[PDB]
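S.K.: Next up is a structure, given as structure tokens.
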Amino acid sequence: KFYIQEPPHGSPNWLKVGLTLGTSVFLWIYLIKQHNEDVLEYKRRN
Amino acid sequence: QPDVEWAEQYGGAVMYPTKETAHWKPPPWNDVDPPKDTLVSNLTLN
Amino acid sequence: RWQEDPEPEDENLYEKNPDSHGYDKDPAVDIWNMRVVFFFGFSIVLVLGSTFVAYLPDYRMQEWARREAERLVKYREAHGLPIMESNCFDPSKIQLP
Amino acid sequence: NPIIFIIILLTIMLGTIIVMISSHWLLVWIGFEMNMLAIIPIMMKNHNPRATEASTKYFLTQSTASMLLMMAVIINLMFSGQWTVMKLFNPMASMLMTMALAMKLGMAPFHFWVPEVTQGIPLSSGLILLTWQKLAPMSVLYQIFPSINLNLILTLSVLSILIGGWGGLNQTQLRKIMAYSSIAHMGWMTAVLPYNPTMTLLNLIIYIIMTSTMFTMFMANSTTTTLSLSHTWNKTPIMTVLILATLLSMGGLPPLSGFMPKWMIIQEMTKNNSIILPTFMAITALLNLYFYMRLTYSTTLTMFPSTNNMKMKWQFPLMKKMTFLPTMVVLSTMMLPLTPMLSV
Amino acid sequence: XXXXXXXXXXXXXXXXXXXXXXXXXXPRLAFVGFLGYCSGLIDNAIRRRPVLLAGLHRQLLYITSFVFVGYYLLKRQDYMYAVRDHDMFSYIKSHXXXXXXXXXXXXXXXXXXX
Amino acid sequence: XXXXXXXXXXXXXXXXXXXXXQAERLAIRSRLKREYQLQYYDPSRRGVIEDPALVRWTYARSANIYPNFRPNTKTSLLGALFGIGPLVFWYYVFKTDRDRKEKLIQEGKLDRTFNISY
Amino acid sequence: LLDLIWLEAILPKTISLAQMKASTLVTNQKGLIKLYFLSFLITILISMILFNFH
Amino acid sequence: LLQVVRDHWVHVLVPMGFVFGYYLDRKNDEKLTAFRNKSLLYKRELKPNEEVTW
Amino acid sequence: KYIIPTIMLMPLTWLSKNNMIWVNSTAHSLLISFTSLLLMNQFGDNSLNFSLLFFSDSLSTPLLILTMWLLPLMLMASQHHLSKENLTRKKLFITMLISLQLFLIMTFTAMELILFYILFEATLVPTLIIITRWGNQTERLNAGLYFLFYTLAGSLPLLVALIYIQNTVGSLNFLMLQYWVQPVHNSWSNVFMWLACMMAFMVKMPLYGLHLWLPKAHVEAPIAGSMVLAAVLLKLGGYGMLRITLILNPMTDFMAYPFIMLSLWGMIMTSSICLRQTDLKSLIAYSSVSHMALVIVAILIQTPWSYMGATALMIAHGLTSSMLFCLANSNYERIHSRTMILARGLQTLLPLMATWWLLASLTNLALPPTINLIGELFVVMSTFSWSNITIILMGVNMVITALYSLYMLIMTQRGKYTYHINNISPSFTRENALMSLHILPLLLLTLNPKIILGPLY
Amino acid sequence: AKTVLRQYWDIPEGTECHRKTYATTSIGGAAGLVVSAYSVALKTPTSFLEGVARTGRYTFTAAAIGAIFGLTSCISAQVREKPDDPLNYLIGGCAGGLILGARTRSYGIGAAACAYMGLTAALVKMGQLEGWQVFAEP
Amino acid sequence: XXXXXXXXXXXXXXXXXXXXXXXXXXXXXXXXXXXXXXXXXXXXXXXXXXXXXXXXXXXXXXXXXXXXXXXXXXXXXXXXXXXXXXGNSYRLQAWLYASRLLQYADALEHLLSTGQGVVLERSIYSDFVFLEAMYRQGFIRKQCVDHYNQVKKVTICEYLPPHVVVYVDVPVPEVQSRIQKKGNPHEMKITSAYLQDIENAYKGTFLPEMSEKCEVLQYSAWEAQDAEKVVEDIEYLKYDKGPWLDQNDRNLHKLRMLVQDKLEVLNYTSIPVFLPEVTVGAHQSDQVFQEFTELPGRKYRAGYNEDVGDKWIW
């Protein structure tokens, strides 16, 4: 069949697919850095 | 199973058959068109 | 007029094109399910589970209370006059009214 | 409507910010009017004979309503003097103030415009805006909840669920059912305002998300019960499961997120020694469920809406948050027990 | 408390009081994380795509967004419950007359028949 | 129910109207039997036959509840006295027995000394 | 009498009367902005005269 | 190795789900550490083992 | 230990291939039910709490084991149905049972009243979807709406009841903490406090008044007969009457007096109708009213002997009525109608199933001590200490207990079957296995019924 | 006015009912005028001739409900002992719902919902004790 | 979100020799179909004539659906030997109207984005001529006509321009002899009264089309089959007073959004009203939906599909 009359999505976009996988990396590093900072602040206070 | 006769009971009119107000007709599928005419349209001068 | 309403047909496995089965379609699926794992629960939950139920792990002080009662009877009979019950958990209460 | 349509939509977003961040009584009047001049164009859009009638009915019932608010603003100059949105002070000013707020939120004697205005919108995008506009005058009520006489605020809450619980029964128009679902939920809004200011804003968080999910499920065009009926068999069958889940949460049912506001409304009211009023709230809540119950019979039952015309091509709507928000709308009972404190 | 008296109005999280320590890998966070995965399952029901579980790998965005917002949302939950308790204990300490203590009794109660 | 004489062969006449009356009964009896005869005597069937008379018999008790009862009259109120009534009948029986028992516990003991169960 | 009609007549009693109360709101007032605004005249008078508050 | 892994994939999850439930529900006792040696009912002094029993 | 492996049944049915499904759902459920008996049975003098208050221990609930017993059994009889339709539809209505099993475990385990309430009404949602779909006969909605508007109309008054207690008297929570509760002073303001806690459980446990909730759910069959076993679980699902009457209102029994008299007439009149009825499923539906009416009598007496009979009857009825409905389903799958008179013929066509028909019928009567003799007789013995008059009314009911069972037997024990040509194969290997998995657990309870009745036993 | 409603609670403390019956007409009369005001929105034909006709049927019947309720409560108080009871007002509540069947020739409706109206009327005097509160602050 | 601030905009790189042409209403015999193929000398793209399998011609993937999968009881050969009570009759024509409306939306989408002249064989403004010819004889009931007029009022008004270039061919009354000479045996032995009414209704269809100030050129049988004569006539004639000359910013952007999506254009095409010749039965609809999902074509739908393409998981 090979999807006739041109499909709306080819499947690899890279412009949209690449950044969406990139945003998860930006979120994961940001959360652990504040997590270590919160424990360091709690130990300094108490 | 529910048939076409059951769908006509819940058809677009009044949900509940009308007691006094039954003259009100059902609205169009994608925004009703009202009066095409009943307008002056172009002025005449002597 | 019905148009498309008439479609109902009687269906039964029975024995025709099944020989002897319980599961609908395929002889390979039937034997491995309806006679093996159907009866594996019959062997573990019923037969191996019969050892438990209430027999073995005491079950809410049913066997413990008998040994506890007998030693309390012989102790109170030799020294005291009243047998077990006389004033249950009451020793010098702060008035009433 | 090209680029400037986003700018018109932005002024409603910015308009509520003026109401949110405010200390002056004339500043919120500006904030309300920022919405007045910006909703009407989206109410019209395509220009229809039904749209012209709805926009005029939306204007006249709401512009006169805000004009009653300006009287209460001017009584705050005659009495108590200061221009601050902290307290209402005068009982004479509060009577005209609460009735002006009732014209937008209380609804019990001012519902009349809602079923006609909500039906009159030609587009699904305009349906979201009316459920989002209700956030604006709630910010005013959260500021001046003391001093206002509770005898004529709780009447606007009790009567609203009565007229909301009866006003959806004789309606087949899908926009009209959601119009009376507003008034039914607005009774719960004007009940927590006298009894503990918190959870009143969380009632909005539950409601607005639940209503925004509802109309975005109607991105596949449906205006009547019979038009939403032909969806299970002809159209997408898995889509109607999410319509079922959102409708079940709209009424008071425990394993869904929509029961979680109904928890604290009664809880805080019972703490204030009142039992006879919250009982009446629970019985009238059953009448609300009935509209959603009949509308779930378009998703559960067969109902025979097959039709000759069939769709094969995949549907591509807008769907801004029609995937993330229904998951919060279906299940948030275990997720949000201590979250009452997080909002306010 | 609903109205702020000691706490600063309009805060990103708290900032005035930071010392509390947020929960690490909590059972509460796992349920919000499960809903992030659940939102990435029913999105393929709307836009008809093959397999809900083994479909598009844009699900990672849906899980992370629920965790990131949820972590901040639960941080306020631990903060607001602490302030609620802090003002409660301070009310007893400052007034003292409002609270009363009673311990050890010998009072008669009515007994039920049948 | 039975009369003075048991009905089995009492009061029978040939006449002309009674002769046609038995002809009317056999006309329906043979008609419903032949459609059973066409359904029973073939190997191609295999299954349980419906019969419209038996389905309507089950439908008489399971359904036709709220289509009826629209003339309530005085017959429905007599049935209510036979239903809700006997519930009020035992209210003056169980209470009188309990008030007899409760008075005995406080003054003039009637309960047995060798009683411990419940 | 009882097990199908009278003992049932608790919730159908609050359906037959509920639908009668439902019809007095939906089918009532056949459109018209005129009629809805005539009802708002009374609502202010209830809060001022009938209910004692200011 | 190829015949077993391809055919069975869901069959392993249920008995492993019991072990996962066994570990999670047991570790909840570590949150409730209060009253371990205190209150004389099953209290005993430690000789070799630390904190009696978990 | 209990929850989590039950939740893992949801990804099990969906991930597995289309040819299997039923093999994985039944086999994996049986090994979880074995582990429930392994741990829950252990208790001291007073049953000590399991963990933190999410799911707690059992004090007087061996009824959880019954839910685990039906956990695979609610899949065995539903095999005849659902097979004709789509593969995606099969997976959906197995997971609705898994969701039922998820919420039903939570009700009996968690020692609460506040969070118990949001699990009490939570069982109604999956059953509603179950009843409103797959119904072969019509009026699904005239039973589906009646399923909620009987229960929710009575149970929503718990929100104004339970919260009112915790706002005044400490907190409900653990129940093991609930000793703060002071006896009620008995006043006209305290009348609606007691009624709101009772009326919720007066619907699920059927009486004489407001009892029509149950026959509509049974006659209009959800799916085949395996979902009717879940409708039996809903009757015993209102077990909180054991907990509320003992703790929340100990002094209040004067207002219980009219409610006993209502349930006492819900024994003669409910049995009389259960004689001349046409439907085979209805003659189990009305016998289930009277059998559960015995429990309601026992609760409101509040004697220590009555709770022994109450806890026994919850398990006794939970495996005898469900057994009877499986026999009703086995005739419904062959004859295709629930009529008793039309479906006539045992031993001649159904040789081995007729012995299962006998064992199921006689268990409704007082046989050699299986569970129902420990159930029914214990209540009758406890009613005499309440009042001497009771056994004059209760003895008449013992005559008509035979008239449920024997009338179901005799109207099927005629070897005519002239109109019927179907039912060639008597029973499949799974169909005979269903009948054994209901009676043989009760036959094992003959040796030790300690795990059948245990409120301080 | 709430001052009119507060007068209703002070009289039944004694035995006098001659002024209590006069006070009950103002409660039912003013409440009837509220429903009479909303019925104007149904569009009345002509002017004044039919306008008074619609107001006449609603106000006179609603005042009659309150007037009989005040009378029947005092007859039930004078006959036998007991000052105030929910059972005492239940008999008076049944008489108030009985006269609704006199409005239209059908014998039922009012008599059909006589137990429903009688129970709701009893619920008003159920809240004479401290246990029931309609509106509360703390 | 729709982008209008970007480089891609309406009216730009269009309108200059890009207007749509239609050769419609030329009896039962396909005479306009041959002349339309030669008319694509000035125009860039040419579209094929719509039949029963016209919506499924492209749709998802290449091959068309087989008989029952596309539409229940729909065949062009079946309409030649038309039968009353239980059959095709109207539901084929309702499917025929929906198919022509769908291909018109894609042709307008091809016109708006990248300015290319698209010639359509038998437009949506020609289907009412085909219906009314059969209505004169005893075939279609009066109630089915009211069902057609309700769809007619809604679907047409949403699209702003009808057609700039209109070609109407009026042949001889002995057109049935030309149809008998054609290669198709199933199309032969058609009613002469239906063909005569089709020419009569076309006479009252060209006049309202000219009343809306749309350019129309009449050609006879002797004037037919000409490439040079047809191209020179369309180029010389200037578009005036027509409704095609609309707003470039507001009007052109709104019509483009409705034409872009196939599901949005056919959303108003399906009517909530029930009709006997429309197939309302849900039992047949459940079996048809199961077979379409099991089909190797769409199955999972929208780009990604197992055992058909499958490029990436993400």
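Each chain of the structure tokens is named A, B, ... in the order shown, its residues numbered from 1; ligands are numbered from 1 in display order.
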For residue 54 of chain C, find every residue with an atom within 9 Å (counting only C-alpha atoms), except residues of its own chain fewer than 2 positions away, and show them as a PDB file with N, CA, C and O atoms, in the first residue's frame.
M.R.:
```
ATOM      1  N   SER C  50      -6.746 -26.678  51.918  1.00  0.00           N
ATOM      2  CA  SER C  50      -7.501 -27.370  52.973  1.00  0.00           C
ATOM      3  C   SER C  50      -6.702 -27.531  54.269  1.00  0.00           C
ATOM      4  O   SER C  50      -7.287 -27.638  55.352  1.00  0.00           O
ATOM      5  N   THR C  51      -5.374 -27.559  54.139  1.00  0.00           N
ATOM      6  CA  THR C  51      -4.447 -27.636  55.277  1.00  0.00           C
ATOM      7  C   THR C  51      -4.540 -26.405  56.180  1.00  0.00           C
ATOM      8  O   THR C  51      -4.410 -26.522  57.400  1.00  0.00           O
ATOM      9  N   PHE C  52      -4.767 -25.241  55.570  1.00  0.00           N
ATOM     10  CA  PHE C  52      -4.974 -23.990  56.297  1.00  0.00           C
ATOM     11  C   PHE C  52      -6.409 -23.900  56.838  1.00  0.00           C
ATOM     12  O   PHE C  52      -6.744 -24.613  57.791  1.00  0.00           O
ATOM     13  N   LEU C  56      -4.056 -25.467  61.994  1.00  0.00           N
ATOM     14  CA  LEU C  56      -2.595 -25.152  62.011  1.00  0.00           C
ATOM     15  C   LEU C  56      -2.158 -23.848  62.734  1.00  0.00           C
ATOM     16  O   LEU C  56      -1.501 -23.946  63.775  1.00  0.00           O
ATOM     17  N   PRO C  57      -2.519 -22.642  62.217  1.00  0.00           N
ATOM     18  CA  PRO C  57      -1.919 -21.458  62.837  1.00  0.00           C
ATOM     19  C   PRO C  57      -2.727 -20.874  64.015  1.00  0.00           C
ATOM     20  O   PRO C  57      -2.935 -19.656  64.080  1.00  0.00           O
ATOM     21  N   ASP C  58      -3.156 -21.753  64.928  1.00  0.00           N
ATOM     22  CA  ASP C  58      -3.917 -21.419  66.154  1.00  0.00           C
ATOM     23  C   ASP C  58      -5.315 -20.818  65.916  1.00  0.00           C
ATOM     24  O   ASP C  58      -6.309 -21.368  66.397  1.00  0.00           O
ATOM     25  N   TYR C  59      -5.362 -19.701  65.182  1.00  0.00           N
ATOM     26  CA  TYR C  59      -6.586 -18.948  64.839  1.00  0.00           C
ATOM     27  C   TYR C  59      -7.321 -18.359  66.047  1.00  0.00           C
ATOM     28  O   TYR C  59      -8.087 -19.050  66.728  1.00  0.00           O
TER      29      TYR C  59
ATOM     30  N   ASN I  41      -5.914 -14.415  58.274  1.00  0.00           N
ATOM     31  CA  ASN I  41      -6.502 -15.232  59.346  1.00  0.00           C
ATOM     32  C   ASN I  41      -5.871 -15.056  60.737  1.00  0.00           C
ATOM     33  O   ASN I  41      -6.537 -15.292  61.752  1.00  0.00           O
ATOM     34  N   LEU I 447     -15.736 -28.834  59.065  1.00  0.00           N
ATOM     35  CA  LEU I 447     -14.678 -29.205  60.009  1.00  0.00           C
ATOM     36  C   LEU I 447     -14.320 -28.063  60.961  1.00  0.00           C
ATOM     37  O   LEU I 447     -14.224 -28.270  62.175  1.00  0.00           O
ATOM     38  N   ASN I 448     -14.126 -26.866  60.405  1.00  0.00           N
ATOM     39  CA  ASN I 448     -13.783 -25.675  61.182  1.00  0.00           C
ATOM     40  C   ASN I 448     -14.490 -24.419  60.649  1.00  0.00           C
ATOM     41  O   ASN I 448     -14.046 -23.833  59.654  1.00  0.00           O
ATOM     42  N   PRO I 449     -15.606 -24.014  61.301  1.00  0.00           N
ATOM     43  CA  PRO I 449     -16.320 -22.786  60.953  1.00  0.00           C
ATOM     44  C   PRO I 449     -15.915 -21.579  61.817  1.00  0.00           C
ATOM     45  O   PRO I 449     -16.703 -20.640  61.982  1.00  0.00           O
ATOM     46  N   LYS I 450     -14.694 -21.621  62.354  1.00  0.00           N
ATOM     47  CA  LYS I 450     -14.107 -20.501  63.096  1.00  0.00           C
ATOM     48  C   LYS I 450     -13.819 -19.320  62.168  1.00  0.00           C
ATOM     49  O   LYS I 450     -14.001 -18.163  62.557  1.00  0.00           O
ATOM     50  N   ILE I 451     -13.387 -19.629  60.943  1.00  0.00           N
ATOM     51  CA  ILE I 451     -13.177 -18.636  59.887  1.00  0.00           C
ATOM     52  C   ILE I 451     -14.445 -18.428  59.037  1.00  0.00           C
ATOM     53  O   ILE I 451     -14.374 -18.198  57.823  1.00  0.00           O
TER      54      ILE I 451
END
```
S.K.: Could you list the residues in chain I lying within 6 Å of chain F, using only C-alpha atoms, and format the result as a PyMOL selection string?
M.R.: chain I and resi 278+303-305+419-422
S.K.: Hey, can you spit out that residue selection with N, CA and C atoms as an mmCIF file, in the first residue's frame?
M.R.:
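Written file, out-v2.cif:
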```
data_model
loop_
_atom_site.group_PDB
_atom_site.id
_atom_site.type_symbol
_atom_site.label_atom_id
_atom_site.label_comp_id
_atom_site.auth_asym_id
_atom_site.auth_seq_id
_atom_site.Cartn_x
_atom_site.Cartn_y
_atom_site.Cartn_z
ATOM 1 N N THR I 278 -43.027 -16.789 37.910
ATOM 2 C CA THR I 278 -42.758 -17.447 36.625
ATOM 3 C C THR I 278 -41.269 -17.607 36.316
ATOM 4 N N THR I 303 -27.173 -8.367 70.648
ATOM 5 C CA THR I 303 -26.675 -9.444 71.518
ATOM 6 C C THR I 303 -25.432 -10.112 70.907
ATOM 7 N N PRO I 304 -24.459 -10.541 71.751
ATOM 8 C CA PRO I 304 -23.235 -11.202 71.256
ATOM 9 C C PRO I 304 -23.470 -12.497 70.466
ATOM 10 N N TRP I 305 -24.574 -13.186 70.754
ATOM 11 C CA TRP I 305 -24.972 -14.401 70.037
ATOM 12 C C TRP I 305 -25.477 -14.138 68.618
ATOM 13 N N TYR I 419 -41.419 -29.830 24.142
ATOM 14 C CA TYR I 419 -41.199 -28.636 23.319
ATOM 15 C C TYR I 419 -39.717 -28.346 23.082
ATOM 16 N N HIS I 420 -38.887 -28.641 24.084
ATOM 17 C CA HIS I 420 -37.444 -28.404 24.019
ATOM 18 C C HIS I 420 -36.725 -29.475 23.201
ATOM 19 N N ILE I 421 -35.879 -29.017 22.278
ATOM 20 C CA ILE I 421 -35.055 -29.889 21.433
ATOM 21 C C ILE I 421 -33.560 -29.638 21.648
ATOM 22 N N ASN I 422 -33.238 -28.456 22.178
ATOM 23 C CA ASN I 422 -31.863 -28.041 22.471
ATOM 24 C C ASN I 422 -31.293 -28.725 23.728
#
```
S.K.: Taking the chain letters and numbering used in this document, name the residues of segment 6-41 of chain J that DSSP puts in helix (DSSP H, G or I), as a list in words.
M.R.: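 Selecting the helix (DSSP H, G or I) positions of segment 6-41 of chain J gives residues 6, 7, 11, 12, 13, 20, 21, 22, 23, 24, 25, 26, 27, 28, 29, 30, 31, 32, 33, 34, 35, 36, 37, 38, 39, 40 and 41 of chain J.
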S.K.: Residues within 10 Å of residue 84 of chain C, please, as a PDB file with C-alpha atoms, in the first residue's frame. Count only C-alpha atoms; anything in the same chain fewer than 6 positions from it doesn't count.
M.R.:
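Once everything was written out, this is result.pdb:
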```pdb
ATOM      1  CA  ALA C  69      -7.664 -21.555  81.741  1.00  0.00           C
ATOM      2  CA  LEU C  72      -5.693 -20.551  86.434  1.00  0.00           C
ATOM      3  CA  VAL C  73      -8.344 -22.983  87.771  1.00  0.00           C
ATOM      4  CA  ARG C  76      -7.296 -20.294  92.395  1.00  0.00           C
ATOM      5  CA  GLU C  77      -8.834 -23.520  93.797  1.00  0.00           C
TER       6      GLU C  77
END
```
S.K.: With only C-alpha atoms counted and 12 Å as the cut-off, give the residues of chain B in contact with chain C, each with its shortest interatomic distance in Å and the pair that gives it, as a Markdown table.
M.R.:
```
| residue | atom | partner | partner_atom | distance |
| --- | --- | --- | --- | --- |
| B:1 | CA | C:5 | CA | 10.4 |
| B:2 | CA | C:5 | CA | 11.5 |
| B:3 | CA | C:5 | CA | 9.9 |
| B:4 | CA | C:2 | CA | 11.4 |
```
S.K.: Pick out the residues sitting within 8 Å of segment 19-36 of chain A, and hand them over as a PDB file with C-alpha atoms, in the first residue's frame; count only C-alpha atoms, and ignore anything fewer than 4 positions along from it in its own chain.
M.R.:
```
ATOM      1  CA  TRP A  14      13.082  15.759  14.125  1.00  0.00           C
ATOM      2  CA  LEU A  15      12.189  19.487  14.334  1.00  0.00           C
ATOM      3  CA  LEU A  40      21.273  21.140  51.968  1.00  0.00           C
TER       4      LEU A  40
ATOM      5  CA  UNK E  22      10.135  18.340  50.271  1.00  0.00           C
ATOM      6  CA  UNK E  24      11.649  12.407  47.868  1.00  0.00           C
ATOM      7  CA  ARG E  58       5.938  11.840  23.044  1.00  0.00           C
ATOM      8  CA  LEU E  60       7.741  11.401  28.147  1.00  0.00           C
ATOM      9  CA  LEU E  61       6.585  15.042  27.857  1.00  0.00           C
ATOM     10  CA  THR E  64       7.502  15.031  33.117  1.00  0.00           C
ATOM     11  CA  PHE E  68       7.353  18.992  37.567  1.00  0.00           C
TER      12      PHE E  68
END
```
S.K.: So that I can see what lies close to segment 25-34 of chain H, please list as a PyMOL selection string the residues with an atom at most 12 Å from it, counting only C-alpha atoms and leaving out residues fewer than 4 positions away in the same chain.
M.R.: (chain E and resi 27) or (chain H and resi 18-21+38-39+51+53-54) or (chain I and resi 1-5+49-56)
S.K.: In Å, with one decimal, what is the gap from atom CA of residue 62 of chain D to atom CA of residue 36 of chain D?
M.R.: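 Atom CA of residue 36 of chain D lies at a distance of 8.3 Å from atom CA of residue 62 of chain D.
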S.K.: Neighbours of residue 17 of chain D within 12 Å (only C-alpha atoms; same-chain residues fewer than 5 positions away dropped), as a list in words?
M.R.: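 Listed by chain and then number, they are residues 10, 11, 12, 22, 27, 28, 30, 31, 32, 34, 35, 133, 135, 136, 137, 139 and 140 of chain D.
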S.K.: Could you turn the residues from that selection into a file that holds N, CA, C and O atoms, as a short mmCIF file (atom, residue, chain, number, x, y, z; two decimals), in the first residue's frame?
M.R.:
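What follows is the written file part.cif:
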```cif
data_model
loop_
_atom_site.label_atom_id
_atom_site.label_comp_id
_atom_site.auth_asym_id
_atom_site.auth_seq_id
_atom_site.Cartn_x
_atom_site.Cartn_y
_atom_site.Cartn_z
N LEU D 10 -6.49 38.14 23.79
CA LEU D 10 -5.48 38.52 24.78
C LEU D 10 -6.00 39.58 25.76
O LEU D 10 -5.57 39.62 26.91
N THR D 11 -6.90 40.44 25.28
CA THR D 11 -7.47 41.53 26.10
C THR D 11 -8.47 41.03 27.15
O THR D 11 -8.70 41.71 28.16
N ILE D 12 -9.06 39.86 26.91
CA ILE D 12 -9.89 39.17 27.91
C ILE D 12 -8.98 38.57 28.98
O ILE D 12 -9.29 38.64 30.18
N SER D 22 -5.74 44.44 41.89
CA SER D 22 -6.52 45.67 42.06
C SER D 22 -6.65 46.08 43.52
O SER D 22 -6.71 45.24 44.42
N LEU D 27 -11.01 50.62 39.15
CA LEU D 27 -10.08 49.80 38.37
C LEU D 27 -10.68 48.45 37.95
O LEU D 27 -10.39 47.98 36.84
N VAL D 28 -11.49 47.85 38.81
CA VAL D 28 -12.22 46.61 38.48
C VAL D 28 -13.37 46.85 37.49
O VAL D 28 -13.68 45.97 36.68
N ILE D 30 -13.15 49.09 35.13
CA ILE D 30 -12.35 49.10 33.90
C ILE D 30 -12.08 47.66 33.45
O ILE D 30 -12.22 47.33 32.27
N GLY D 31 -11.72 46.81 34.41
CA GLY D 31 -11.44 45.39 34.18
C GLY D 31 -12.61 44.57 33.66
O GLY D 31 -12.42 43.68 32.82
N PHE D 32 -13.81 44.88 34.15
CA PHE D 32 -15.05 44.25 33.65
C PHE D 32 -15.38 44.70 32.23
O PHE D 32 -15.79 43.89 31.41
N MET D 34 -13.20 45.75 30.02
CA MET D 34 -12.19 45.14 29.14
C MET D 34 -12.67 43.82 28.55
O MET D 34 -12.29 43.46 27.43
N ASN D 35 -13.51 43.11 29.31
CA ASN D 35 -14.17 41.89 28.86
C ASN D 35 -15.39 42.18 27.99
O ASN D 35 -15.66 41.45 27.03
N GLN D 133 -15.04 33.38 31.71
CA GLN D 133 -15.42 34.73 32.15
C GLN D 133 -15.90 34.78 33.61
O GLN D 133 -15.73 35.80 34.29
N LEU D 135 -14.60 33.46 36.12
CA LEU D 135 -13.44 33.62 37.00
C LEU D 135 -13.26 35.06 37.48
O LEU D 135 -12.83 35.30 38.61
N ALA D 136 -13.60 36.02 36.60
CA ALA D 136 -13.40 37.45 36.85
C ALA D 136 -14.20 38.06 38.03
O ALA D 136 -13.59 38.72 38.87
N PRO D 137 -15.54 37.83 38.11
CA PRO D 137 -16.23 38.44 39.25
C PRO D 137 -16.10 37.65 40.56
O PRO D 137 -16.46 38.17 41.62
N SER D 139 -13.18 36.85 41.78
CA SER D 139 -12.05 37.55 42.40
C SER D 139 -12.50 38.75 43.22
O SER D 139 -11.84 39.11 44.21
N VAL D 140 -13.61 39.37 42.81
CA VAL D 140 -14.22 40.49 43.53
C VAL D 140 -14.86 40.00 44.83
O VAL D 140 -14.64 40.59 45.89
#
```
S.K.: Taking into account only C-alpha atoms, which residue in the set K:28, K:77, K:21, K:64 is nearest to chain D?
M.R.: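 For chain D, the nearest of the candidates is K:64.
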